[PDB]
Structures are given as structure tokens and as C-alpha cells.
């Protein structure tokens, strides 16, 4: 069972950072129209089309629409990632150039599972079991056939189930909790602040605790101080595990709550 419908594509890397993506493309010798597909870490169920042209990198976010299709911003809709990559191979339709050489995964390397795989394989699975009591091949398919709005809802409160989320911690209590454990770089927790609906990332770097404000837009996207936007806190954390993006350091291991 592969929860991501792009899992069968040889050029799909799963949940990787932009740096690793660009690394794979360089070792593919660069060249115009060299491309790969990866999971989007900001938009739930989405992808990023990583392309190179004029020996410089391009990254096109692909958003999953409500009706289950996929589209680059202002672009046409496609029923799936596979369909999407095939179309753009035969017609740039806004891209700097058409997809040519697929930067396939090197032998041994599988797609990295991320939030989306976990959302479906664990959380939607349990949601489906609780509501319909399905078991075998009926539980699967049902897992990949839920509406994007249901997946979004589960994902939105998923952080409440994560060990790094501390539902009631002051700034001072967070520091004390972090200093009183292993003071390793990237040790972290997330905590709600007074103002609805703001949160704080508390992390250790150089044996010093740092606090970062997280606020959500009027669009409901969760924003780090650098301004990068995420559908969920869960995605925000998983993203910062792979890229600092205005943090003094990446998130590594959770400071456990209970």
C-alpha cells in the first residue's frame, strides 16, 4: 500500500528538501528540462516540480484542488501527478521549457515518506476504522478516497497528537523543560500562546533556548517569522526539520510532553 498516488513514479522522491532536490539534479549532470517530482511540504497532498533550465533551478508548487486534481498556479488541472508530468513533457504551457529527462531516483533510494503518507496510512486509517469499521482492501482505497477537506481537518489538529506539542507551557516553563533535559542542538517543542491562534517554537541551540513566534494568516495559513506559509502546524514542524528557513537551526528531536 502506497498512500501517495505518485509513489509508482521512478522520478518521485517523496518528502525531501529543496537542497537535496537540487543536489540530485546536479549529479544528473544538469541540462535543460531535467526534472524530478517531490512532495510539497507546505500544501497538503501537493507536489513540487523541480526543474532546471539555463543551468539554474526552478521550483513549481503543485496544489491539490478540492476536486482531486492538481495544478501549478494559474496553470491547467491534471487528474494526477503522472498525468501532470506527461502533459508538461509534451507542452511547456508556461514553464521555461518542457520536461525532458526524468531525474530518476538512484538505485536503492525509495521515495521518502512524509506528512501525507502518515496522514493517510495512520490517521485516516484510524478515522475510517472508527466510522466504517472496514478491514482489508476495503479499508485501503477508502483511505485514498477521502475528500481533501476531511484530510485537511485531520491534518489541522494532528499536532495535538505529536510528542513535541505541549498544550500548556509558558515561555519560562518551556525553557526550564528544555534546559533540564539533554541540551542538544535542535531539541524543540511547540506551545500555544495566549493570543488565539498563535504558537511558539521553543528550541535549543548552542545550549541556549530560542523562541520563535508562529502566527496564522486571515487565510488560516501558519506563518513563521520569515513568512513561509503552511496549511498545518504539523507541516510547519516537519518542514523546519529539513530546512532552517529563518531558524538559528533545524528542528531535530522532540522535547517530549508526557
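Positions refer to the first chain, counted from 1.
Stretches 212-220 and 198-206 differ in mean C-alpha B factor, with the higher average recorded for 212-220. With 132-140 and 78-86 compared on mean CA B-factor from the PDB entry, the stretch scoring higher is 132-140. Taking only the listed residues 151, 117, 91, 173, the entry reports the highest CA temperature factor at 91. Set against one another, the Cα B-factors of 181, 163, 186, 102 in the record reach their highest point at 102. Ranked by Cα temperature factor within the chain, residue 238 sits in the lowest third according to the deposited record. Among all modelled residues in its chain, residue 68 ranks in the lowest third by Cα B-factor.
Per-chain ranking of the deposited C-alpha B factor places residue 192 in the lowest third. In the deposited entry, the Cα temperature factor of residue 169 sits in the middle third of values across the chain's modelled residues. In the deposited entry, the Cα temperature factor of residue 157 places it in the lowest third of its chain's modelled residues.
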